[PDB]
Structure formats: structure tokens, C-alpha cells
Protein chains: 2
Amino acid sequence: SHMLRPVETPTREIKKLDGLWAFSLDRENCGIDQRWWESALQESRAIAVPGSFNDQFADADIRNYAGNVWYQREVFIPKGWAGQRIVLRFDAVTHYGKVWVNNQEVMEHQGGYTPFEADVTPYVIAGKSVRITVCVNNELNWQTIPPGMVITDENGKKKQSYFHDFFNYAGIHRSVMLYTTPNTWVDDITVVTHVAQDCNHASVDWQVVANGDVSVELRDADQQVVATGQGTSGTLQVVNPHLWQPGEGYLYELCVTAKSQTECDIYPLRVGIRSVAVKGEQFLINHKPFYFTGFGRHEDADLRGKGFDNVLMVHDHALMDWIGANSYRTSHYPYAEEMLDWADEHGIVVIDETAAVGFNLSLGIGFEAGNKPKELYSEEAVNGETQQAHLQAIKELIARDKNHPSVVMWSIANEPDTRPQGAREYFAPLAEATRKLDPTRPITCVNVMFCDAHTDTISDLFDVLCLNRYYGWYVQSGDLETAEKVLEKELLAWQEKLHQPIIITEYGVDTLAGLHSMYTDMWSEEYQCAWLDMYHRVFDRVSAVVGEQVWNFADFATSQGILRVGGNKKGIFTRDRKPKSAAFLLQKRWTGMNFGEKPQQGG
Amino acid sequence: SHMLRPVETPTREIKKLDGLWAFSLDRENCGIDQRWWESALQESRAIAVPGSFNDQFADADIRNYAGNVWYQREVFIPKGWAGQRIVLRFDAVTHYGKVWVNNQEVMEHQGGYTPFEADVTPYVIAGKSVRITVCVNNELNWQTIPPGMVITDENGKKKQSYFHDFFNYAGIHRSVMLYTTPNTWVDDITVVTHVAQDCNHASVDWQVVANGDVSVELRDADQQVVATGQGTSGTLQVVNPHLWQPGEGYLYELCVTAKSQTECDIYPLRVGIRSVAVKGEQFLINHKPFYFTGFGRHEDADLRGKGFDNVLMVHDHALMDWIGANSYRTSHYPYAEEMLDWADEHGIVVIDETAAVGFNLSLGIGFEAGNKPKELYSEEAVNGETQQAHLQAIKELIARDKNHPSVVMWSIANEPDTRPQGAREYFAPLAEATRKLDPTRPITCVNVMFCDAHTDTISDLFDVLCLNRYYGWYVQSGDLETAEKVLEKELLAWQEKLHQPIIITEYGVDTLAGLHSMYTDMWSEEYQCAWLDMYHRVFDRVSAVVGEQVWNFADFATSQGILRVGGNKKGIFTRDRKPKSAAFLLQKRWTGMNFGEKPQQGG
Ligand SMILES: COc1cccc(NC(=S)N(CCO)Cc2cc3cc(C)c(C)cc3[nH]c2=O)c1
Ligand SMILES: COc1cccc(NC(=S)N(CCO)Cc2cc3cc(C)c(C)cc3[nH]c2=O)c1
């Protein structure tokens, strides 16, 4: 369906993020049968929203729980909301939600990183209290967007396994809200900026609408009406403009009016005049040779999970700004939109990514019981549904982020195994369909190191080359000397194979803060520094390398294992954001360069 | 008396350092009355020598023990030792030892950092076993060289307090040995190298001798006899030579022969042709403008105490060599001679220091019960004995180290309070007497920051200016900005006051390895780096500054207190010798310079 980011004019919101809700586990899965949502959850306790449920209670049994949990809370609908449109919206519900307003089932959602909403006017009465009950599921299976497998034990209980690193946080991770609309209402919008050698340029509106006529007006930074359009379906305004750029990120505001003889609906959609596409081995934003810096990130932090948080947000960006990141990627799931609004506002370049992670079964590291399906693409394991579920996941992200100028690229998935058979048959359609959803931006699929330049059957189908590489770490462990060869050899081997522009979307080594070594070896701070030094030395000797993003901005939490010391320790910063000695090395390189500019194959 | 470093030709040793001795505490102090040394200590256990007794057992009760402890062990005297001179030697016994060979009291010593020996021939029989019993005392009082105070509690037990930082380790910290001499024997030697504008030069022998005639011969590096002298009392040989220098440290060997008609005694005394003295604001070794780098060190390490250790020794020097130290100081006590032999051999410059530390009562940091004597120099507190005990401590160090070329300076004490009254009356005699013991080297007394350039009543009496300064740390805590002013202001204020050459013998900040901060504040690694940066920026803007030695090479152990987090954390390295991020900053500065060379008031 249609997603529009709420803002506040002929519409206003009660955020329900007001944190404390009633909470409970349903270890018997008797909750739907016993119709829990008709009265107050019993045996509950306070929980905060937004945040993951897992770590709020310091309890392993809750942390590793799998199945359904219940959220409940009450809330007076504002008196002024008349006969108006009342709309309940969740920015995310991690993995799956079902919603009961008093007794009315109003909503259902699968996907954990994108919004869903419903018109609730008929079971609500403005000026009165209404119960809100949410049922939340955190289970993953094969047609799910990260896939996974729930093993039920003989003894009654579930237990989740899956194929990615990062830990399976679940819950209401983002803002909920009740919001208000006129019965005339904008409900969809799309916008495209074309650029021309940097002198002048044009933007297209298209806009689905609740019944009404659209006056479309584009405003200055200073609110001077410099673009006007008529029509409820389409326009193009060719004004000679001020562009969205990386150092600075200028933005226009396109108000959107939908009219009836009774009503009016007014919408400001921030807009960045920017063009994105690839030319040969170059990446082009406003027809310029960019160079990417920054990291893969996660939504992870002590206590809250992947739960959204303003302070955290403000601090991390301060940190990225300081250290010279111009860009980052939404590692392995759609992030809360606020990050993107900030990126636009601040001109930060974003490779936007779907939750399609862990399609891979070789990854890995198993001393344990094998199964585990034999064929990756099978009706058993990655199947028809799964391509369809996956398709739907790509719609939504694009539905949400097409209008965010900061997004210069889409990412279809991260590290799928492309050595098994259906791997090109699975990936070709979605690659086509992606561009049929948005042809304004290039599209990639992020590449695991064992589908290497001679074995990977999928890369031509995409526009840019996104590599995750560990050459001294998982292989050649500890050996910078031979690691540098393999890496360059393999970067050159990609350059000729595909003659595409190359970005390393993951390069990094586990490092324990405070571990220091005169022998400069694995897990030491010094080693991280030497290893990043080297990867760097090597992108300076390759023309096709136009992007660099460090494995992890900060240490995050993982599934429990032998290869993870209390989590992934590959952060430049610790989880509480204290900088490892490598923050200061990246500091120099990233602020020493010219903005958006590769070195002189040296410096 | 006379000290000569054993080496092995007409003399040979059984080191008795063979570690495991029998050990016990004497909590009743009934040990001498009950004549423990007549039979095997009872209720004993194995202990290793050399090492401190305190930490070998992981026991707090033994670690904090005060009083007498007993060492005992047996050892066959070598058959070949005939009617020869048999000589028992201890390189150190920390604080005080008394020694019983079977029942014969052979020895007594107060001082913990210098050798003492005795002729044991008459109570020993070559080819047989003999008991060795040592009584060791670790108590400090006012006439002791570090001074201190033992409070006996009402309940029966002692408890030591004292006035220095470093922890009161005690025990047999260095090699013991039985050694052999002919009845003709060299027993004393002294040597002085004069240098002349770098073309040619002369060395004086003087030598006390067991009865016999001395042939004195100086050899090449390659054992070619290039200097010869006759006389059992004095010579000078003027040969045109190859000098002892800091980068490289060349050495000659002067054999020493003492003759009888029955016997011959042969002694090689390594000799470095080098001149040391001050000229104006310059420090001169072989008439050159030196610049000092390196640290204050301690004899401290996990498990062993201040006990000597070859591996430790080899590793630390590797570390100093790597990081650019050309020099160091024997912080607050005479070190094991092996360090000095190594320094000569490797050309490393050494400010040699006595155990005279803690003369100061203002230092400090007391929330607790005051007393504590009112007048520092009094018959109560630092008194006539104390100047005499102190005098004796200076003899011995000079007795031991006069022949070590690596020692370019003597240090009389460290951080005494010179604001109370007797402070110039106490210090003037020893300053005079020092030069009457060795006029070949300059002499200093190390200066605490609160006897500052306007208040310190003692500095003219010495040759070089040795300052310990903490300007952002103990005062101006955390404030590099104002700390830099005070420091420079106070360095200039010294330069004019005395127009002597200045060395900072202590500059450093407590730093926890692994503590990282974006705010670059106290106890963080980054702070240490900024603070050392700054002290440095400031010696580059002062002409009189010709020496820099970092507070601590590595973290050491201290007395328990509120200001010490498991010890002094001011090491560039942790106690297990892992480098803090500041090892790499000092690295650059120390190897970036020209050898022995201050920068161009810049670089
Ligand atoms: C199931 O969730 C978990 C749990 C714990 C660890 C991981 N590891 C992950 S995601 N990575 C991917 C790094 O981008 C490490 C990894 C690399 C790897 C490389 C090669 C060349 C081979 C042959 C096998 C490999 N196996 C691996 O596991 C995943
Ligand atoms: C008794 O054994 C201990 C136990 C614990 C700590 C110490 N501290 C020592 S030796 N230092 C000397 C540093 O070279 C720190 C120290 C500095 C200081 C400076 C000023 C200006 C004043 C007024 C008072 C001060 N007091 C101090 O204690 C000694």
C-alpha cells in the first residue's frame, strides 16, 4: 500500500511512544484462544516503547524467548478530532504484529523494519479511552525476511536459530502513534529530480490522492514560492536551482494541497535536487566522481536493543561527522526513518538496505548438528513464497525511501550464497523488478568473500560492486603480508571481470579495547590499525575502488558462539561509544582527503 | 670497606642463587633468643632467591608482614678450594641481614641495595656441606635510608609506614654467592679517564691490594695489549684511543695482576674512556652537548618483587632501545649492577641514585591521624645519625659504581622537603663529601614541585637541575591550557635563578590501559598522550632544558591508598609490559631526533 511520513499541519499526533505499556509473555500460546486482548493482560509488568523487549529486564529467559509476547496500553483520543480520520501507525514491529482496539482487529504485519497503519475511526470515540493490544511475534522461518528456523523441542518450548550475526532483537522498536487526517487527504507522493551539467533543472511530481485537487508548490529554503504546478496527477517544474550536495545538503519544500469543497489537506515533502547513477567505473551524484567513506552500522546499543533513540542518534552522528564519514549503509535491515531525514538534512550519503540477510548456509562455523536443508533454493528452503515475501520487502523499503535524497542506492541483500543452483534464477527477477519500482537509483547486492571473482554467479545483474572482505582475518589469519596480495589480486580480478565501480561495504577485524601488543597481532588494538592501514594502501592502488565503509562503527550484540566474544568486537568504537585507537587512524585518512575525492594513488 | 665485582679467573663461584631456600616468619621475635640458626628452621616452606618474599605466596598476611624473616639453605664447598680464600657475598639483602654459617656469625648489614661480603674460610671445610642462615629485617625508622616509622600496635604486632610511593618489598632481592680467592688478591680498584678535544687521552689507575705487585695492562676490544703500567699504587697511560659513546659504547679491558712468590691474582676491569662534567647550561660527555631521554624506572614486576631477573632485564632493554630511550635514572635506590654492566656495554646513560627518598613529610595526601614529627630535622626525626647513615649510603653506591662509565651523574636524594629549617644545613655537607668521594662526575638532588623556584633553599649546592613536575595532574588537574603556562613560567624562572642545565627526571600522568575518551580527560590513554605532547612542546621552547625522563617506564606497585589504583598507573607500559598508546608517541619523538640532540626549538 501507500506510505507517507506523518508531519503535523491539517493532521496532528498523540505519540503513544509514551513509553510504559503493560507487557507479558505467552509461553503457552493460549493467548489468542483465551482472547487476552478483551481485558487487561494479567501477570504483566511495565516495559518501555520504543526499545527491544529482550534486554530491558536483565533476564536470560526473556532475552532468549521465542514466540508471542503481548503489549497493552490505554489512551484518550483527543476531543478536537471530531468526525475526522483517525489513523494508528507503527514505525516498526519487530517481525510481526496483530492489533486489537478494544475488541476490533485493526491490523496485521509481517516485516519488522517498516511502517504499517490503519483507519480506526469506527471503533474509536474522540474524547474517550481505548484499549490497545498488540501481539508480537519474533519467530523466523524460510519465507521470512531474514530467514531462519524454529526448532521446537520435545519438552514444550520453541528455540530460534537463524543465519546472521547480529542478535535477534524483537519488540516495538520504533514510535507508535495515533494520528489525524481530514476526509480529503494526500495519501501518496513521488518526486524525481533531473540534473543537467550543473546549470539548471527539473523535478517531476506524481501524487495519488484522497479525493481532491492538488496545488503543488515548491519553496525556497526561505519560504519563497519558486515553483508552482497544477494537476493532481503530474508535473515537471524547470527552475534554475540550488543542489543537494554531500558537504552541505540543501533542501526544498514542496507543499501538497488536496482540495474538496468542504476540506483542505496540506503536506510539506522535503526534496533534494540530486541525480544519481553510474557511468562506467565511476559513481555519480550530480554528475560527479564520488568517493564513499564511513561504515556499515547496526541499530544496537546497551539496554534498548535495536530500539530507536534520539540521544544515541545525535551522539553517533557527532561521532561520524568528527571522524570523516560521508556515508554509511543501513546494515542488514531498514533503519528508523529519522536517520534518513537526518542524512538528507545533513547531506549524508546512504546505501539503503533490506532485511534480506542470511540466505547463505555455508556461513558457517559449525561443530554442531548439521541440518540445515540440503538445497538453498527448494520448496524446503528458499522457495517461491520466499522470493515473493522477499519481493514485498523490497517494495516497502522503496515505498518508504524513494523520496529521501540521502539514499543514493538500493541494496537487495547482503552475503547470499550464489554457488548453489537456483542462485541466478532467484536473483534475476528481483533485480529487474527493483528498477521497475525505482529507476532513479542504482541497485546492488552485497557480496560474501567466498563467492569470489571466479565463482559468484550473480554480479552482472547489478549496477555497483559491493564487497565484504576479510583477508588477514578469516583466512590468512594474521598475515598482512600475503593478505595484501590476495586482496589486490582479487580486486583487480573483479575490475576486469565486470568493469563496474567497486565499494567495500565491509572491511574489519575483531579488536578488544585495551588489548595492546608489541607483536601487533590479532585482537590487539595495534593490529586493527595495521590491518586497516593495509586495506587502505591497496585501495589506493586500484582505480575501480570508489567506496570504503568500515565493518562496524561500534561493537554490537550477536547470537552466542565461539567466534563472538560477548558480541561482534569489530567496532571502531566500543558499544558505549568509546573509541578504539583505530578511530584516530580513520580520523586522519577521512578528514585528510578532499571531500568525495580518492587520493593521487598515494596522498 | 672495599667492593669489587666478582668475575671468574683465579677466582670461581658457586652461585647459591640456586633458588629454593627454606623460609619462615618469626612473628614472636623469639628467633635470636631461641637460636633458630643452630638447626633447620622448623615450620618452613620453600622460597625462591632472588626475589621479594612479599608476593611469592599470594598471601596478604605475608605480604604486609613487618619484622624479621629467616632464610636457610645448605651447600657443599667445592673440593678444589684448597686452603684458599673463601668469601660469601650478597648483592643485596633488603633492608638488613645477619648471617650464620653453622653457628658462626659471619656478617651484618643495613642498607638493602648494595653488596656486603665476608671471609668464611675458618668455619668452613672444602668438600663438605655448611648451613647458611640469614635473618632479614624490613623495618624502617628515622636513621634508615629510606626513613620510616614502625607503629607497634597494642595487640602484639608491628605495622610499617613510610613516606615513598613504591611498595616496601623486602627479602634477598639479588644473587648470593660463595666465591674463591688466592691468598694474594686484588681487593680494590679505581680508574679515571681524561679526554681532550677528541684526539688522544689518558687514564689513571689506583689500586689497593692484598699483598702483591701489580702489573696493569689495558687491552683492545680485540685483546691486543695497547696499554701497560707498573706500580701497585698509581699510573696514567696516555694512548690515543676509541671512546665510550651513547649510540655505541666501546669498552677496554684493564687486567690487574697482584703478585707474590707463591701466587698470582688476575682481574679484568671493563673501562670506558669518557669524560663527564657540566659547562654553563650544557651537559657534556666527551665534551659534547647531550640531550637525555628515557625514564625513571623501578625494580618491580609481577610475582618477584624487586627481585632481579634476566628475562625481565633483556625484555625491558629491548623495549627501551626500540622506543628511543638513551638514558634512565635508578629511581629511588641502587639497582642490581647487571643493569649498569649492560648500560656500559650498550652505551646507555645512567643517572645513578641512592635510596634517600621520603625525607619529606608534606607528601602527603592525609585524611588520617597526623603524627608524624613536627620538625623534619630534629633528634626526633632526621637527626645526626640520619645524616651519618645517609653519608654511609652515599659511600657505598659510589664505592660500587665509580668504575661504571654508564653512570654520568650521582643523585643524592629524590624529593626531600627543603622548606623546613635544617634543610640546607643537612644537605651542604653531603654535597661537599660527595665530590670528595668522586670528583669525576656531577651531582644532583632531585626536586619536588612544591619546593619551587622561589622557595627551594638547596639547589646551588648541586651541579645539574633535576625536576619532577606534574602540572595538569596534582595541580591544575586536567587543564593543559593553564598547566603549560605555569610549567614554562617555572622553567624560565629556574633558568635565570640558577643558570644551570635542567633535566626533568619525572613527568607523567596516571593512565589506565584500555580507558578511552572522546573528551580526552584524566586517566584516559588520550590524555596521557596530550599531556606528554604539551610538556614536550614546552621543553622545545626552553634552552636550559637538556634532559627528559618520563615518569614511569611501567606501572609499579605501591602502598595501599586512595590515590593509587592498584599501584602507580603512570607507566608508559603496563606491569606485564604491554604498551599504552603513549609508547608510540614517545617512540616518534625519541627516534625522530638526532641522537643526543635537542630539536631546533621545533623539529
Ligand atoms: C550464523 O550467524 C553467525 C554466527 C557467528 C558467526 C557468523 N559469521 C559471519 S556472518 N561471518 C561473515 C563475516 O562477514 C563470519 C564467517 C566468515 C566466513 C568466511 C569464509 C571464507 C568461510 C568459508 C566461512 C565463514 N564463516 C563465518 O561464519 C555468523
Ligand atoms: C607516602 O607515600 C605516598 C603514598 C601515596 C602517594 C604519594 N604521593 C607521591 S610520592 N607524590 C609525589 C609525586 O612525585 C604525589 C603527591 C604530590 C603532591 C604534590 C603537591 C604539590 C602537594 C602539595 C602534595 C602532594 N602529595 C602527594 O602525595 C606518596
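General remarks:
- Beta bridges per DSSP with both ends in chain A, % antiparallel, nearest 5: 75 percent
- Here the dipole of chain A is about 420 debye; that uses its Cα centre as origin and unit charges on the Cβ of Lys and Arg (positive) and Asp and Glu (negative).
- Segments B:559-567, A:542-550 sorted - mean Cβ within 10 Å per residue, highest first: A:542-550, B:559-567
- Size of charge dipole - the protein assembly as shown - debye, nearest 20, with Cβ of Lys, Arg +1 and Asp, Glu -1, no other charges: 220 debye
- Charge tally for B:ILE172 (other residues, Cβ to Cβ under 11 Å; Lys, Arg +1; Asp, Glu -1): +3.
- Taking only the Cα atoms of region A:276-603, the radius of gyration and Dmax are 18.9, 55 Å.
- Rotational relation A to B, axis-closest Cβ in chain A, residue and distance rounded to whole Å: A:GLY514, 1
- Label 7 Å beyond Cα on the Cβ vector: A:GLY156 copy-to-copy distances, nm: 6.6
- Residues B:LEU397, A:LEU585 in ascending order of nearby Cβ atoms (within 10 Å, fewest first): A:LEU585, B:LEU397.
- Region B:1-118, relative contact order [Cα under 8 Å, separation at least 6], %: 23 percent
- The mean of 1/r over all distinct Cα pairs in region B:1-182, once inverted, gives the Kirkwood hydrodynamic radius of 17.1 Å.
- Cα lying deepest toward the dipole's positive end in the protein assembly as shown, options B:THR574, A:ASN403, B:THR457, charges on Cβ: B:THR574
- Chain A: C-alpha gyration tensor shape, a/c 1.5 cut-off, then a/b vs b/c: oblate
- Cβ-based net charge around B:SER517, under 9 Å, with every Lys or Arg adding one and every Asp or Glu removing one: -2
- Helix-derived mean residue ellipticity, 222 nm - over the protein assembly as shown, DSSP H n ≥ 4, -39500 (n - 2.57), to 500: -5500 deg cm²/dmol
- Counting from the shortest, the label point at B:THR591, 7 Å from Cα toward Cβ, is 2.6 nm from the same position in each remaining copy.
- Counts of other chain beta carbons within 10 angstrom of each beta carbon in peptide A:518-526 average 2.
- Measuring nothing but alpha carbons in the protein assembly as shown and taking Rh as the Kirkwood radius, the Rg to Rh ratio lands at 1.10.
- Inter-copy separations for B:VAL311, label at 7 Å along Cα-Cβ, nm, ascending: 4.7
- Sparse-neighbourhood loop sites, trypsin sites (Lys or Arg not before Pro) in region A:1-109 - DSSP loop, at most 14 other Cβ within 10 angstrom: A:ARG35
- Across region A:315-396, Cα-Cα pairs farther apart than 14 Å form 73% of the total.
- Per-residue mean of foreign Cβ neighbours for B:511-517 is 5 (Cβ atoms of other chains, 10 Å radius).
- Principal axis box of region B:139-249, alpha-carbon based, largest edge first, Å: 68, 41, 25
- For residues of B:575-588, the mean tally of beta carbons on other chains within 10 Å: 2
- Loop-exposed chymotrypsin sites (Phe, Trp or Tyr not before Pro) per DSSP, neighbour cap 11 Cβ within 10 angstrom, longest uninterrupted part of chain A: A:1-366
- For chain A, the relative contact order comes to 12 percent (Cα pairs under 8 Å, sequence separation of at least 6).
- Selected from A:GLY358, A:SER378, A:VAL446, residue furthest toward positive end of dipole (region A:276-603; charges at beta carbon): A:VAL446
- Whole-number percent relative contact order across region A:276-603, with pairs defined as alpha carbons under 8 Å at least 6 apart: 21 percent
With ideal geometry, Cβ positions are generated from the backbone for all residues, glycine too; neighbour counts draw on all protein chains shown. Rule-based calculations on the coordinates, nothing more; no lab input.
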